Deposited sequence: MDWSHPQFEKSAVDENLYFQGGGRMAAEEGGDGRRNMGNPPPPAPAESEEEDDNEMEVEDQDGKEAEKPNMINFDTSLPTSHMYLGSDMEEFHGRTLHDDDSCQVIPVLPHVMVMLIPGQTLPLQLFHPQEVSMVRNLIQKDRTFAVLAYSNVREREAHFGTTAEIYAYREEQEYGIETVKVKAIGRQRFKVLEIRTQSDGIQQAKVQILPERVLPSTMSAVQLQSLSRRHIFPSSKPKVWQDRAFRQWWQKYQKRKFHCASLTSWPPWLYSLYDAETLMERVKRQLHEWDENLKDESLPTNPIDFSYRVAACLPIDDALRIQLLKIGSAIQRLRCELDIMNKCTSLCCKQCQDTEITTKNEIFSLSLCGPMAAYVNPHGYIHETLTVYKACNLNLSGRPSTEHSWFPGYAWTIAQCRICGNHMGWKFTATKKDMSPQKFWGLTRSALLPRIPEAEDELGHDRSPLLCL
């Protein structure tokens, strides 16, 4: 069993404690048009509810956020379809929740912790002289649908409220979707569209990853739940945008289950056929899932996946604890044995009593679920 504190990674301690906390929440009306600034050195895709850690040092970026605190506190994170030609049709708003200004080495620096809020549709990208871009965006509403049976049942059967759990779920299907007999589809088909059902199917995989998971930590709402899960699936950029376009929590859960089931092996994106790890080696060392976004000392965001065993990897150099994202663990650079692609790191415990004693931190940009 694991004795590492799963809460520790989510707090980004490497970013330093003693940060100015902000409580106040900003939310834009559905379908409403907004003009939000864009951070020039952010190239990651942010899912709503996801924590984005930043370390900004470029004067124009520092001034941008410094001014952003004085107002809205929200910026735009673009989901690039082509990161080279900087093309994006969708994105997510990031609201700063923790902030800290420092001054060192002749420069003014700022460290932030933001959270994904609202998905948007890009309407136009205007550029300012300082390098910071502004984005005319249209807020995409979250589409909540009622029970599949809500409409068809306007009757007496309405007042029938929702191992060995197996029989409860069968009694649940038989009861909740009894009025399917009035329709042209079976109860087993309506289950494939039931939020509670689809969630319990995902919760099954989440528990295979976090063996010490307590259901109280998981969000009750399928809106918050679908998004939490979306942000921890090690998938390619093309599939991630497709997931971000999804408006329904049901369509999202159904999608995530397809990804979770069809998934088997995770290879090196560069040489494509070199297998690095498998679905069975994935595990949650953080409460926000097996995969999460972290910043290196130069502000580059690495979305890293925690796995117990990795295969064609070569380590170089000696372990380091500097800027470690998992306190108590030391990192050592890992590259693909075949091509030399930087795959992530090997994390090793600094104390004999720690569990896991070793794991692998793989960046999703290096992986390909092919």
Against the full deposited sequence, which stretches does the structure leave out?
1-70, 233-243, 452-469
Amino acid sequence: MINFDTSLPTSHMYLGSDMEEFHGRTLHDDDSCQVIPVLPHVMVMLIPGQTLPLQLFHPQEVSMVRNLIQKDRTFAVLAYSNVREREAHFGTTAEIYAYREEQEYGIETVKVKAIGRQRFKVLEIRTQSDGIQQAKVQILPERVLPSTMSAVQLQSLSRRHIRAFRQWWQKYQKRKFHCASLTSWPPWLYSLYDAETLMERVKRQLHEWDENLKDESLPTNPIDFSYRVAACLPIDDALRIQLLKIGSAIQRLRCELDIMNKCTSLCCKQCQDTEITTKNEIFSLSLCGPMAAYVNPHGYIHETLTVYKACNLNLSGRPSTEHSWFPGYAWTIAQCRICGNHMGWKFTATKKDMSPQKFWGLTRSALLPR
From here on, numbers count along this sequence of modelled residues.
Residue range whose averaged C-alpha B-factor is higher in the record, 281-289 or 147-155:
147-155
Taking the deposited Cα B-factors and averaging over 267-275 and over 164-172, the higher mean is found in 164-172
Using the entry's values, work out which of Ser184, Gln242, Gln118, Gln128 has the largest Cα B factor.
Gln128
For the C-alpha B-factor as written in the entry, point me to the maximum among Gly106, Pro234, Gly299, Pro222.
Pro222
Could you tell me which third, lowest, middle or highest, the C-alpha B-factor of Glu61 occupies within its chain?
middle
Assigned third (lowest, middle, highest) for the C-alpha B factor of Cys311:
middle
Of the three thirds of Cα B-factor ranks in this chain, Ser17 occupies the highest
Ordered by C-alpha B-factor within the chain, which third holds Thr348? Give me lowest, middle or highest, please.
lowest
Is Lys214 in the lowest, middle or highest third of its chain when residues are ranked by C-alpha B-factor?
highest
